[PDB]
Amino acid sequence: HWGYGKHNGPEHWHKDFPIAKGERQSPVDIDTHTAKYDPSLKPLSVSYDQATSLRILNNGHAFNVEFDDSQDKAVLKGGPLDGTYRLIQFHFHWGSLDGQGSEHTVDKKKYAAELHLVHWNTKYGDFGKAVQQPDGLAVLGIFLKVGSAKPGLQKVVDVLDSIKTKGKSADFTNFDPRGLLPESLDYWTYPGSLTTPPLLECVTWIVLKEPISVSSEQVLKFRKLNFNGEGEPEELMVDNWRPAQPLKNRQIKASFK
């Protein structure tokens with residue numbers, strides 16, 4: 001029964017998921033004055049030309065755009081990563097107000113939302129095995145600010161009415177995630193965790209420095225989703241973000257000067 005509400009929010013998660021107080025929890029604040037350039041980081045390689053989206057699902061805490069991950073169709077390599085990581089899904093976190101919504105922060109700045117493109121290390125064969133490994137996942141995180149619309153997001157926005165409530169899914173084929181990327185692939189990276197229960201410490205985070213812009217209208221449509229199932233009391237799906245967790249014995253590295 002975890003969530004983002006008054007009585008079940010992030011500050012309660014530790015009771016059912018004790019790793020919430022672990023050594024490598026995410027998100028974190030990215031301090032641009034202490035993150036150090038690492039010249040031995042490589043450019044990231046984002047290879048999404050063959051991506052096959054299938055479906056969009058409201059899971060009661062966000063919505064996931066799901067991909068066919070049964071072949072190397074959409075993969076992330078390079079950067080800090082060794083080997084090949086396959087795209088499985090993306091989802092967002094967002095706020096009730098434009099001054100909040102992101103999970104990572106930059107010098108304590110909160111963005112309006114954050115996109116997570118989740119990839120698993122093919123050496124482990126499937127997602128469920130991957131999340132049990134320290135290097136099982138690579139999550140590409142991208143900040144969203146409100147300004148000009150992002151054309152490449154509109155097809156996502158378009159479909160939200162069809163998945164208003166928890167447990168609803170809709171076919172969502174032929175969506176191109178390249179339309180969600182900023183111009184630059186400059187990034188910060190650090191070891192951490194999933195940001196929802198089970199909070200497993202299996203993630204190499206790759207957080208892009210450049211945000212994407214989305215429009216007010218686009219964000220407003222995200223805020224019409226519901227946490228609840230159909231025929232239950234409406235509770236708007238907003239503020240579905242975990243706050244920054246202690247960095248502990250970690251360093252954030254930058255791919256850029």
Side-chain angles (χ1 to χ4, degrees), residues 1-13 20 25-32 56-65 90-118 139-166 168 179-182 188 192 194-197 199 205 207-229 232-246:
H1 314 274
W2 69 266
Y4 300 92
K6 303 167 198 63
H7 303 97
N8 63 0
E11 70 274 32
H12 293 272
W13 294 353
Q25 291 292 290
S26 293
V28 301
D29 182 55
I30 299 165
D31 181 344
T32 69
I56 190 175
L57 170 71
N58 179 336
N59 61 26
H61 57 89
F63 64 81
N64 292 165
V65 174
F90 65 79
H91 61 276
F92 305 78
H93 306 270
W94 61 91
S96 54
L97 303 165
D98 294 353
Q100 66 195 59
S102 70
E103 291 200 318
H104 296 89
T105 55
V106 182
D107 296 326
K108 305 297 179 72
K109 179 191 173 66
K110 294 172 169 102
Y111 286 88
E114 187 175 333
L115 166 62
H116 290 164
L117 295 122
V118 181
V139 182
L140 183 57
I142 305 179
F143 294 116
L144 283 58
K145 62 183 183 184
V146 171
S148 79
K150 193 68 169 180
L153 184 62
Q154 193 61 34
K155 188 182 152 166
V156 173
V157 170
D158 284 329
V159 77
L160 298 181
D161 275 350
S162 82
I163 59 151
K164 182 179 183 185
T165 52
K166 178 177 53 188
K168 294 203 165 295
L180 299 177
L181 303 176
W188 298 278
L194 298 174
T195 67
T196 55
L199 304 169
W205 276 97
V207 178
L208 298 188
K209 170 195 82 179
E210 185 168 30
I212 64 165
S213 301
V214 305
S215 68
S216 310
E217 294 85 3
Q218 292 179 316
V219 170
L220 285 161
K221 290 180 174 179
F222 281 51
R223 301 181 180 142
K224 296 181 59 178
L225 285 165
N226 286 182
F227 286 127
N228 52 284
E232 299 174 349
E234 185 169 29
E235 183 66 10
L236 301 178
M237 182 181 284
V238 296
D239 295 315
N240 61 347
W241 51 273
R242 188 186 192 191
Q245 302 300 308

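Position 1 is the first residue of the sequence; numbering continues from there.
For the atom pair CG of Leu225 and CD of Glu234, the computed distance is 10.0 Å after rounding to the nearest 0.5 Å. Residue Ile30 holds its CD1 atom at 12.5 Å from NZ of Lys209, rounded to the nearest 0.5 Å. Put simply, CD on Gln154 and CD on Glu217 are 9.0 Å apart, with the number rounded to the nearest 0.5 Å.
Looking at residues two or more places apart in sequence or on another chain, you find a side chain to side chain contact (heavy atoms under 4.5 Å, CB included) between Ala113 and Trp94, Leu144. Partners of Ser96 by side-chain hydrogen bond (donor to acceptor under 3.5 Å, both in side chains), not counting sequence neighbours, listed by chain and number: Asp239. For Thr32, the side-chain hydrogen bond (donor to acceptor under 3.5 Å, both in side chains) test picks out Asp107, with sequence neighbours left out. Under the side-chain hydrogen bond (donor to acceptor under 3.5 Å, both in side chains) criterion, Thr105 pairs with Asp29, sequence neighbours left out. For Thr195, the side-chain hydrogen bond (donor to acceptor under 3.5 Å, both in side chains) criterion is met by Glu103, not counting sequence neighbours. Every residue two or more places apart in sequence or in another chain that forms a ring-ring contact (aromatic ring centres under 6.0 Å, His included) with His91 is listed here: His93, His116.
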inquiry  = Before you tell me yes or no, could you show the steps for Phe92 and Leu115 under side-chain contact (heavy atoms from CB on, under 4.5 Å), namely the whole-Å CA-CA distance, both residues' side-chain angles and the distance that decides it to 0.1 Å?
reply    = CA-CA 4 Å; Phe92 305 78; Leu115 166 62; 3.8 Å; yes

task = Step by step, work out the side-chain contact (heavy atoms from CB on, under 4.5 Å) result for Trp241 and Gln100.
result = CA-CA 9 Å; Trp241 51 273; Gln100 66 195 59; 4.2 Å; yes

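Ring centroids of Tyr4 and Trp13 are separated by less than 6.0 Å, placing the two rings close together. Here the two rings, on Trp188 and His104, have centers that are 6.0 Å apart or farther.
Residues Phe143 and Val106 meet the side-chain proximity criterion, which asks for heavy atoms closer than 4.5 Å. Two residues are said to be in side-chain contact when any heavy atoms from C-beta on lie closer than 4.5 Å; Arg242 and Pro27 meet this criterion. Looking at heavy atoms from C-beta onward, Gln245 lies in side-chain contact with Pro243 at the 4.5 angstrom threshold. In this structure the side chain of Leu236 reaches within 4.5 angstrom of the side chain of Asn226, judged on heavy atoms. Taking 4.5 Å as the limit, every side-chain heavy atom of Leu160 sits out of range of all side-chain heavy atoms of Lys224.
Here the shortest heavy-atom pairing between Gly60 and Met237 reads C-CE, 3.8 Å. Of all heavy-atom pairs between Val238 and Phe227, the closest is O-CZ, 3.5 Å. Annotation for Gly3 and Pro10: closest pair O-CD, 3.9 Å, computed over non-hydrogen atoms. Heavy atoms only, all atoms of each residue included: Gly192 and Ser26 are closest at CA-OG, 3.4 Å. Scanning both residues, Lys164 and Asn58, for their nearest heavy atoms gives O-ND2, 3.1 Å.
For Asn240 (side chain) and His61 (main-chain N/O), a donor-acceptor pair under 3.5 Å exists by modelled atom type. Formation of a donor-acceptor pair under 3.5 Å by the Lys145 side chain with backbone atoms of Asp98 is not found in this model. In this structure, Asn228 contributes its side chain and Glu235 its backbone to a donor-acceptor pair below 3.5 Å. Within the 3.5 Å criterion, the main-chain N or O of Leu153 finds no donor-acceptor partner in the side chain of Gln218.
Taking a 6.0 Å sphere around NZ of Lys168, one finds it holds 12 or fewer heavy atoms contributed by other residues, nucleotides or ligands.
In summary, of the residues considered (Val207, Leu180, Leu181), a side-chain contact (heavy atoms from CB on, under 4.5 Å) with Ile142 occurs for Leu181 alone.
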